[PDB]
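Notes follow the structure.
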Amino acid sequence: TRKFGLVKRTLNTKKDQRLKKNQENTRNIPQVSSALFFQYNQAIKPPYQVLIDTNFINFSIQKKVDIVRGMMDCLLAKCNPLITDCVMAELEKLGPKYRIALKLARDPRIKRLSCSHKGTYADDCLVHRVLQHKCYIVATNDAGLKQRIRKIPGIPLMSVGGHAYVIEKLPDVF
Amino acid sequence: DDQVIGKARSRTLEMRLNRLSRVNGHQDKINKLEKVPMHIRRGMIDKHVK
Amino acid sequence: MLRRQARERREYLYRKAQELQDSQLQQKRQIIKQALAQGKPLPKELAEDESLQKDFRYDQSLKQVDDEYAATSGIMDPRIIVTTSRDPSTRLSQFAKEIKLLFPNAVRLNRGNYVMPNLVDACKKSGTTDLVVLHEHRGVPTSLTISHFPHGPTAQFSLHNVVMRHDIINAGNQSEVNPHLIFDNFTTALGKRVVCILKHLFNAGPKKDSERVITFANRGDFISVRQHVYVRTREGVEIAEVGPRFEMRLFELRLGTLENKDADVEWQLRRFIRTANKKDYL
Amino acid sequence: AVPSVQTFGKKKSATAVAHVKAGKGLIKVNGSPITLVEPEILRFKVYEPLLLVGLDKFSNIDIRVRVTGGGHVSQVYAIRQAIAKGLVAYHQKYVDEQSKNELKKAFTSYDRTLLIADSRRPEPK
Amino acid sequence: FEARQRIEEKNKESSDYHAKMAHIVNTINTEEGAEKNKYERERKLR
Amino acid sequence: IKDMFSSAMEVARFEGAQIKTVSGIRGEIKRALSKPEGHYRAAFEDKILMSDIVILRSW
Amino acid sequence: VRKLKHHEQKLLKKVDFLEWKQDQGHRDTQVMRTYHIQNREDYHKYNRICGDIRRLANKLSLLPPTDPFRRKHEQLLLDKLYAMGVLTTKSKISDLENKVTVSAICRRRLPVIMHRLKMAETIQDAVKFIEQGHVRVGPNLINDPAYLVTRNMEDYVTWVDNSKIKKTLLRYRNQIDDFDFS
Amino acid sequence: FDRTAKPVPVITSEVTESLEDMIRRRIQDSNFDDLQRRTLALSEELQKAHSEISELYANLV
Ligand SMILES: [Mg+2]
Ligand SMILES: [Zn+2]
């Protein structure tokens, strides 16, 4: 009556609990914007607020366009430039050869705003803000960032060209 | 190629296919270097360069 | 026993499946053979691979009669049993006798009160290589089914322009020497299949001076069989025809035994297709 | 439980099922007593096992026979084989082995088709 | 006999047609394409 | 097929030919029967129904 | 033993009381579990036979390719293994090198053959049946549960007559034939 | 109209003579097919390796 086919009480790896590699074992849908049409972006009216990035500052100084006047040149109306603390740190960690561009980009006409994230992947900080609030316009010259904020709906992108600036998606430049 | 026998033959075959794949492959999957922990590999390369 | 044949057919089918999925592998190994034979660029997939370039020692050490016949091609001379359809007719009886005489190692079986599975299993129990079953219409022979027994293949031919030997002439008796064979104009892999089944249907290993010839010629997808005796003259070697003549034509081909009716069809004559008149062998 | 036993009998293409259980000493074949099998010249051939052995051993049991398929003589040989193997099985299961053996000896000495059938498979040369 | 002759003829004519069409389209293919890519090689350089 | 032809030798004059049904399936006309007078037999590539209709293109 | 916290973990990276480097994934245990076998010694002896086969294939590789010794010997070994039952496909001598597993031998074992032929229901139950003595190989029965069986006896494995198992089977099909007292 | 099949060939005199001259040509070439019965030092270190592998092989079998 001793139970037939008994076996030594071994240790599983596919079932047990004390293995650290075996220890690891209401939907959400973000809505589309009230301030976004199909593609019109009904919200933005002048004045505008722009976000400046490291590539934008670089090509700005390499083509000699002063910041605020070049912005008025591009946009034909009133606009305010903003940089984020992550972007400032990005220029800083680029460092000693571009310190003149740093001393330029720090100017008390540029009202810097503060971020709260680990890491300084300024691409991530930018795109998280712009999918967060849909009212900034974004100036840069990175190709990948250009493609991404092209993929997003209803956000005008702004880059350099020749000796002036240009914008991509804005339905009212003129 | 017939009187070759054993370890010699194995290393020859490896080197032949190595070049014949290196001429058109991606260099990573051509020569993936085999794994070894860091201090022992660095000790080996130190002794060899010495 | 019957279980042994069952799992035999199982293992044969599995080896066929593995053969299919290893064809391409055989191609890649042949390509690598050629590359090592002459140093050249090696192309993309096999170049990037690691398992092939690792296991190619045994593979380099690696490296034709069809498989259903493969073990006993030219060792055990085959035995054939020829039997008649059902409640036979007398003209058919004479002609089936003539077929039994035409082949060597042949025995005849009248069939009344039999069933196909009982017959085929009894023949397998006895131990017999190859089987021939005849069907007729109104005296005229028209249909013939050949089977090879250890779950081998079957072929079904029609046959039309038959003349019995006695109704050629009241001549005499044949010699029944182990004959010879000639195969003309065979092209396709199907052609190789049918010459293989008929070669293993004949006797195996004939002499050097045997004096009976049996032909097989493809004349527009109608296999014409004749049979002649020859005696070698000095300048024009004379052939005397003897034995029946008839026009034979394939129409289907099964990979099982004839009792199955639902094995794997490895060929089947298409009739109502747009290009039926058009192709040869199709 | 009821001490019971079951057997089969088989000519060329017929089937004879035979239940054998303890009872009052009767026979039943297809819901009809065995004075009424049909062919009336082979009724004695059906009777053959009983008249071979005796009658008391069939006075203390109960048979129930049901046959399907086949033709006349085939059914008849089927019933006789079924009755034979059923009686032998009942004796083997519930009474003495010595009685089973003397039964088997008397049967097979008479005619072996009672205890084993021959399904006639041909002989090809 | 009529059957064999008519069908043999039809197969003959279908083969004829296919060969002729393949010839014409392949001639024009290779030659006119050689001209078109000669001009591509020039217009890239112009 | 029953009502395509009138006489047996007429059937045989057309024998061995290609015939499609209005359903769209193929077949061939082969031989003449005996006991009726115009009927012939044919083989299709699939089971015909009853309500079908057979036609024969000719020029 | 604590789910010990951050700093003490980053100090005690390499400690592990459960799985060591040397018991490579507890491979022996996992295969033992999948095929319900009884002794660690059974696993390790199957390991040794596998290892000797692979050293043979390695020296056969180290021989030059076109020797008829090499060809004939490797082909003969492939006959031996294909009739033995361990490896499936006779053609890839790579699969001589690379497919030969203790899993393959242990699945050629007896109870896996029962689960193959759908005799028993699952493998542990098959081990119960072979231990209890209801299943015979040809003319004699088996009590050592760890029987190896080639193809030519896979053909003859069956249940023993006048077992209550065969009784239940033919009773459900309504075909117990108690002249044989099956 | 549109026919569908190759009718069965009427064997005639000239076809038989074509076949005759085929068989006779193959006779006077004497090339006819059949299935004939299936029929059936080196180096120091190589003999060393053969010896070792053969001993090991026998032990393994
Ligand atoms: Mg960047
Ligand atoms: Zn930031």
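As shown in the structure tokens, the chain order sets the letters A, B, ...; within each chain, residues go from 1, and ligands are also counted from 1 in the order they appear.
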Contacts of chain F with chain H up to 8 Å, shortest pair per row, only C-alpha atoms, as a tab-separated table:
```
residue	atom	partner	partner_atom	distance
F:16	CA	H:3	CA	6.8
F:17	CA	H:3	CA	4.6
F:18	CA	H:4	CA	5.4
F:28	CA	H:4	CA	7.2
F:57	CA	H:1	CA	6.8
F:58	CA	H:1	CA	4.7
F:59	CA	H:1	CA	6.1
```
Selection from above, N, CA and C atoms, as a CSV table (one decimal), in the first residue's frame, can you write it?
```csv
chain,number,residue,atom,x,y,z
F,16,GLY,N,-16.3,12.0,-79.5
F,16,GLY,CA,-15.0,12.4,-79.0
F,16,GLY,C,-14.8,13.8,-78.9
F,17,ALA,N,-15.7,14.6,-78.4
F,17,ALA,CA,-15.6,16.1,-78.5
F,17,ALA,C,-15.8,16.7,-77.1
F,18,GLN,N,-15.5,18.1,-77.1
F,18,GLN,CA,-15.5,18.8,-75.9
F,18,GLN,C,-16.7,19.6,-75.7
F,28,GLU,N,-16.4,15.6,-71.8
F,28,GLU,CA,-16.3,15.1,-73.2
F,28,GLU,C,-17.4,14.1,-73.5
F,57,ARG,N,-19.9,24.3,-78.3
F,57,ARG,CA,-19.5,25.4,-79.2
F,57,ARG,C,-19.1,24.8,-80.6
F,58,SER,N,-19.7,25.3,-81.7
F,58,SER,CA,-19.3,24.9,-83.0
F,58,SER,C,-19.5,26.1,-84.0
F,59,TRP,N,-18.9,26.0,-85.1
F,59,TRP,CA,-18.7,27.1,-85.9
F,59,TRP,C,-19.1,26.9,-87.4
```
Enumerate as a PyMOL selection string the residues within 10 Å of ligand 2, counting only C-alpha atoms and all ligand atoms.
-> chain A and resi 83-90+113-126+128-129
With C-alpha atoms kept, could you save the residues just selected as a PDB file, in the first residue's frame?
```pdb
ATOM      1  CA  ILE A  83      14.829  76.771 -23.468  1.00  0.00           C
ATOM      2  CA  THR A  84      14.626  73.980 -20.959  1.00  0.00           C
ATOM      3  CA  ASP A  85      17.107  73.158 -18.224  1.00  0.00           C
ATOM      4  CA  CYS A  86      17.900  69.864 -19.921  1.00  0.00           C
ATOM      5  CA  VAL A  87      18.813  71.746 -23.108  1.00  0.00           C
ATOM      6  CA  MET A  88      21.032  74.135 -21.180  1.00  0.00           C
ATOM      7  CA  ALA A  89      22.785  71.166 -19.612  1.00  0.00           C
ATOM      8  CA  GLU A  90      23.141  69.616 -23.058  1.00  0.00           C
ATOM      9  CA  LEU A 113      11.711  76.919 -17.504  1.00  0.00           C
ATOM     10  CA  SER A 114      12.614  74.023 -15.260  1.00  0.00           C
ATOM     11  CA  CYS A 115      12.138  70.333 -15.921  1.00  0.00           C
ATOM     12  CA  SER A 116      11.988  67.348 -13.588  1.00  0.00           C
ATOM     13  CA  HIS A 117      13.410  64.167 -15.051  1.00  0.00           C
ATOM     14  CA  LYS A 118      16.460  62.017 -14.670  1.00  0.00           C
ATOM     15  CA  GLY A 119      18.681  61.989 -17.737  1.00  0.00           C
ATOM     16  CA  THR A 120      19.243  64.786 -20.187  1.00  0.00           C
ATOM     17  CA  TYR A 121      17.891  63.247 -23.380  1.00  0.00           C
ATOM     18  CA  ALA A 122      16.609  66.578 -24.590  1.00  0.00           C
ATOM     19  CA  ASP A 123      14.775  64.836 -27.407  1.00  0.00           C
ATOM     20  CA  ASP A 124      12.714  62.981 -24.828  1.00  0.00           C
ATOM     21  CA  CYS A 125      12.092  66.100 -22.747  1.00  0.00           C
ATOM     22  CA  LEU A 126      10.944  68.027 -25.819  1.00  0.00           C
ATOM     23  CA  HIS A 128       7.112  64.613 -23.897  1.00  0.00           C
ATOM     24  CA  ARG A 129       6.243  68.276 -23.418  1.00  0.00           C
TER      25      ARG A 129
END
```
What are the residues of chain E that have an atom within 12 Å of an atom of chain C, counting only C-alpha atoms, as a PyMOL selection string?
-> chain E and resi 3-15
May I ask you to extract the residues of chain D within 9 Å of chain G, using only C-alpha atoms, and to give them as an MDAnalysis selection string?
-> chainID D and resid 5:8 85:86 88:90 92:93 115
Take the residues from that selection and put them in a file with C-alpha atoms, as a PDB file, in the first residue's frame.
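The result, stored in part_14.pdb:
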```pdb
ATOM      1  CA  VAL D   5     -19.758 -15.471 -18.796  1.00  0.00           C
ATOM      2  CA  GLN D   6     -19.814 -14.431 -22.448  1.00  0.00           C
ATOM      3  CA  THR D   7     -18.400 -15.892 -25.649  1.00  0.00           C
ATOM      4  CA  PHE D   8     -18.358 -15.557 -29.427  1.00  0.00           C
ATOM      5  CA  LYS D  85     -17.082 -22.459 -26.016  1.00  0.00           C
ATOM      6  CA  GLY D  86     -19.624 -20.916 -23.670  1.00  0.00           C
ATOM      7  CA  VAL D  88     -16.508 -24.699 -21.469  1.00  0.00           C
ATOM      8  CA  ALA D  89     -15.977 -21.145 -20.214  1.00  0.00           C
ATOM      9  CA  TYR D  90     -18.715 -21.364 -17.600  1.00  0.00           C
ATOM     10  CA  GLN D  92     -13.817 -23.046 -16.188  1.00  0.00           C
ATOM     11  CA  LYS D  93     -15.010 -20.021 -14.257  1.00  0.00           C
ATOM     12  CA  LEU D 115     -13.456 -25.188 -30.029  1.00  0.00           C
TER      13      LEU D 115
END
```
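Among the candidate residues C:185, C:24, C:60, C:155, the one lying nearest to chain G is C:60, with distances computed using only C-alpha atoms.
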Might you pull out every residue within 10 Å of segment 80-84 of chain D, with only C-alpha atoms counted and same-chain residues fewer than 3 positions away left off, and present them as JSON, numbers by chain?
-> {"D": [6, 7, 8, 9, 10, 11, 15, 16, 17, 18, 19, 20, 45, 46, 47, 48, 49, 50, 63, 64, 65, 66, 67, 75, 76, 77, 87, 88, 89, 103, 104, 107, 112, 113, 114, 115, 116, 117], "G": [179]}
Could you write out that same residue set with N, CA and C atoms as an mmCIF file, in the first residue's frame?
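The new file result_25.cif reads:
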```cif
data_model
loop_
_atom_site.group_PDB
_atom_site.id
_atom_site.type_symbol
_atom_site.label_atom_id
_atom_site.label_comp_id
_atom_site.auth_asym_id
_atom_site.auth_seq_id
_atom_site.Cartn_x
_atom_site.Cartn_y
_atom_site.Cartn_z
ATOM 1 N N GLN D 6 -19.426 -14.869 -21.118
ATOM 2 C CA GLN D 6 -19.814 -14.431 -22.448
ATOM 3 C C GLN D 6 -18.813 -14.930 -23.474
ATOM 4 N N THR D 7 -19.303 -15.419 -24.613
ATOM 5 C CA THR D 7 -18.400 -15.892 -25.649
ATOM 6 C C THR D 7 -18.940 -15.600 -27.037
ATOM 7 N N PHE D 8 -18.061 -15.786 -28.022
ATOM 8 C CA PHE D 8 -18.358 -15.557 -29.427
ATOM 9 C C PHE D 8 -18.148 -16.828 -30.234
ATOM 10 N N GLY D 9 -18.911 -16.954 -31.315
ATOM 11 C CA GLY D 9 -18.739 -18.018 -32.283
ATOM 12 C C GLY D 9 -18.828 -17.479 -33.694
ATOM 13 N N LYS D 10 -18.102 -18.080 -34.633
ATOM 14 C CA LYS D 10 -17.862 -17.413 -35.907
ATOM 15 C C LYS D 10 -17.609 -18.433 -37.008
ATOM 16 N N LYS D 11 -18.532 -18.523 -37.957
ATOM 17 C CA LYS D 11 -18.319 -19.121 -39.265
ATOM 18 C C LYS D 11 -17.919 -17.995 -40.217
ATOM 19 N N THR D 15 -22.090 -14.137 -36.971
ATOM 20 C CA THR D 15 -21.681 -13.936 -35.591
ATOM 21 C C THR D 15 -22.701 -14.538 -34.645
ATOM 22 N N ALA D 16 -22.215 -15.299 -33.667
ATOM 23 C CA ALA D 16 -23.076 -15.950 -32.689
ATOM 24 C C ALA D 16 -22.613 -15.553 -31.299
ATOM 25 N N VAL D 17 -23.355 -14.676 -30.644
ATOM 26 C CA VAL D 17 -23.056 -14.256 -29.288
ATOM 27 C C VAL D 17 -23.766 -15.200 -28.344
ATOM 28 N N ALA D 18 -23.047 -15.688 -27.334
ATOM 29 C CA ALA D 18 -23.617 -16.605 -26.359
ATOM 30 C C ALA D 18 -23.327 -16.092 -24.963
ATOM 31 N N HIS D 19 -24.374 -15.699 -24.247
ATOM 32 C CA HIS D 19 -24.301 -15.443 -22.818
ATOM 33 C C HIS D 19 -24.591 -16.753 -22.117
ATOM 34 N N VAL D 20 -23.839 -17.048 -21.066
ATOM 35 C CA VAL D 20 -24.104 -18.201 -20.223
ATOM 36 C C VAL D 20 -24.090 -17.740 -18.781
ATOM 37 N N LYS D 45 -27.459 -30.842 -36.070
ATOM 38 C CA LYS D 45 -26.112 -30.318 -35.955
ATOM 39 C C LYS D 45 -26.020 -29.250 -34.880
ATOM 40 N N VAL D 46 -27.064 -28.445 -34.716
ATOM 41 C CA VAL D 46 -27.133 -27.527 -33.578
ATOM 42 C C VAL D 46 -27.193 -28.291 -32.272
ATOM 43 N N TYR D 47 -27.979 -29.354 -32.237
ATOM 44 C CA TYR D 47 -28.105 -30.163 -31.039
ATOM 45 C C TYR D 47 -26.821 -30.867 -30.654
ATOM 46 N N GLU D 48 -25.892 -31.041 -31.593
ATOM 47 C CA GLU D 48 -24.691 -31.859 -31.412
ATOM 48 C C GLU D 48 -23.909 -31.688 -30.109
ATOM 49 N N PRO D 49 -23.619 -30.481 -29.603
ATOM 50 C CA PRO D 49 -22.816 -30.426 -28.372
ATOM 51 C C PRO D 49 -23.526 -30.985 -27.157
ATOM 52 N N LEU D 50 -24.821 -30.695 -27.017
ATOM 53 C CA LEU D 50 -25.592 -31.236 -25.910
ATOM 54 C C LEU D 50 -25.588 -32.755 -25.962
ATOM 55 N N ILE D 63 -28.647 -20.361 -21.034
ATOM 56 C CA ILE D 63 -27.992 -19.908 -22.252
ATOM 57 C C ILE D 63 -28.848 -18.803 -22.835
ATOM 58 N N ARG D 64 -28.225 -17.835 -23.487
ATOM 59 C CA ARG D 64 -28.952 -16.898 -24.335
ATOM 60 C C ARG D 64 -28.112 -16.639 -25.573
ATOM 61 N N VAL D 65 -28.653 -16.978 -26.733
ATOM 62 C CA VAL D 65 -27.909 -16.968 -27.978
ATOM 63 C C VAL D 65 -28.540 -15.958 -28.910
ATOM 64 N N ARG D 66 -27.711 -15.138 -29.538
ATOM 65 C CA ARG D 66 -28.181 -14.211 -30.556
ATOM 66 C C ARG D 66 -27.212 -14.225 -31.723
ATOM 67 N N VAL D 67 -27.724 -14.418 -32.935
ATOM 68 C CA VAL D 67 -26.873 -14.522 -34.112
ATOM 69 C C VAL D 67 -27.273 -13.470 -35.123
ATOM 70 N N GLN D 75 -24.728 -19.681 -40.034
ATOM 71 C CA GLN D 75 -25.323 -19.431 -38.729
ATOM 72 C C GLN D 75 -25.329 -20.682 -37.870
ATOM 73 N N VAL D 76 -25.643 -21.831 -38.466
ATOM 74 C CA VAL D 76 -25.813 -23.041 -37.671
ATOM 75 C C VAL D 76 -24.491 -23.459 -37.048
ATOM 76 N N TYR D 77 -23.424 -23.465 -37.849
ATOM 77 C CA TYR D 77 -22.108 -23.782 -37.305
ATOM 78 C C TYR D 77 -21.692 -22.747 -36.275
ATOM 79 N N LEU D 87 -20.151 -23.131 -22.824
ATOM 80 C CA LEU D 87 -20.238 -24.134 -21.774
ATOM 81 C C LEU D 87 -18.875 -24.373 -21.154
ATOM 82 N N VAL D 88 -17.847 -24.467 -21.998
ATOM 83 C CA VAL D 88 -16.508 -24.699 -21.469
ATOM 84 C C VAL D 88 -16.051 -23.528 -20.605
ATOM 85 N N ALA D 89 -16.408 -22.302 -20.986
ATOM 86 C CA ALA D 89 -15.977 -21.145 -20.214
ATOM 87 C C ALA D 89 -16.685 -21.079 -18.875
ATOM 88 N N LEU D 103 -14.572 -32.084 -20.267
ATOM 89 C CA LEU D 103 -15.388 -31.495 -21.314
ATOM 90 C C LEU D 103 -14.568 -31.209 -22.557
ATOM 91 N N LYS D 104 -13.408 -30.582 -22.369
ATOM 92 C CA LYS D 104 -12.587 -30.188 -23.504
ATOM 93 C C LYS D 104 -12.082 -31.403 -24.260
ATOM 94 N N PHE D 107 -15.017 -32.954 -26.353
ATOM 95 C CA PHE D 107 -15.251 -32.107 -27.517
ATOM 96 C C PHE D 107 -14.191 -32.286 -28.591
ATOM 97 N N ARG D 112 -12.904 -30.738 -33.829
ATOM 98 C CA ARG D 112 -12.205 -29.556 -33.355
ATOM 99 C C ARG D 112 -12.850 -28.250 -33.791
ATOM 100 N N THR D 113 -13.734 -28.265 -34.787
ATOM 101 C CA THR D 113 -14.347 -27.015 -35.221
ATOM 102 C C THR D 113 -15.228 -26.426 -34.125
ATOM 103 N N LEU D 114 -15.609 -27.236 -33.142
ATOM 104 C CA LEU D 114 -16.328 -26.715 -31.995
ATOM 105 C C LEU D 114 -15.494 -25.738 -31.185
ATOM 106 N N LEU D 115 -14.221 -26.032 -30.939
ATOM 107 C CA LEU D 115 -13.456 -25.188 -30.029
ATOM 108 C C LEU D 115 -12.635 -24.121 -30.736
ATOM 109 N N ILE D 116 -12.181 -24.375 -31.950
ATOM 110 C CA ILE D 116 -11.520 -23.335 -32.720
ATOM 111 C C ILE D 116 -12.170 -23.281 -34.086
ATOM 112 N N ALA D 117 -12.397 -22.076 -34.582
ATOM 113 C CA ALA D 117 -12.921 -21.982 -35.925
ATOM 114 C C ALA D 117 -11.773 -21.909 -36.919
ATOM 115 N N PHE G 179 -13.573 -17.797 -23.262
ATOM 116 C CA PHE G 179 -12.898 -19.055 -23.506
ATOM 117 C C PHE G 179 -11.397 -18.892 -23.337
#
```
Neighbours of chain G in chain A at 10 Å, counting only C-alpha atoms, as a VMD selection string = chain A and resid 3 to 8 10 to 14 18 to 21
Export of the given selection (C-alpha atoms) as a JSON list (two decimals), in the first residue's frame:
```json
[["chain", "number", "residue", "atom", "x", "y", "z"],
["A", 3, "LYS", "CA", 2.32, 4.45, -2.98],
["A", 4, "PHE", "CA", 3.75, 3.06, -6.19],
["A", 5, "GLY", "CA", 6.20, 4.84, -8.44],
["A", 6, "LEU", "CA", 7.57, 7.11, -5.73],
["A", 7, "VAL", "CA", 10.44, 9.45, -6.52],
["A", 8, "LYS", "CA", 13.06, 11.53, -4.77],
["A", 10, "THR", "CA", 13.92, 16.93, -6.01],
["A", 11, "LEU", "CA", 13.92, 20.65, -6.72],
["A", 12, "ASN", "CA", 11.96, 22.05, -9.63],
["A", 13, "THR", "CA", 13.22, 25.04, -11.45],
["A", 14, "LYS", "CA", 10.10, 25.53, -13.52],
["A", 18, "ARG", "CA", 13.05, 30.51, -3.90],
["A", 19, "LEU", "CA", 14.87, 30.97, -7.19],
["A", 20, "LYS", "CA", 15.62, 34.64, -7.82],
["A", 21, "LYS", "CA", 15.23, 34.03, -11.55]]
```
For segment 110-122 of chain G: contacts at 12 Å, only C-alpha atoms, fewer than 2 positions along chain excluded, given as JSON, numbers by chain = {"A": [5], "C": [3, 7], "G": [34, 35, 36, 37, 85, 103, 104, 105, 106, 107, 108, 124, 125, 126, 127, 128, 129, 130, 131, 134, 135, 136, 137, 142, 143, 144, 145, 146, 147, 148, 149, 150, 151, 153, 154, 155, 156, 157, 158, 159, 165, 166, 169]}
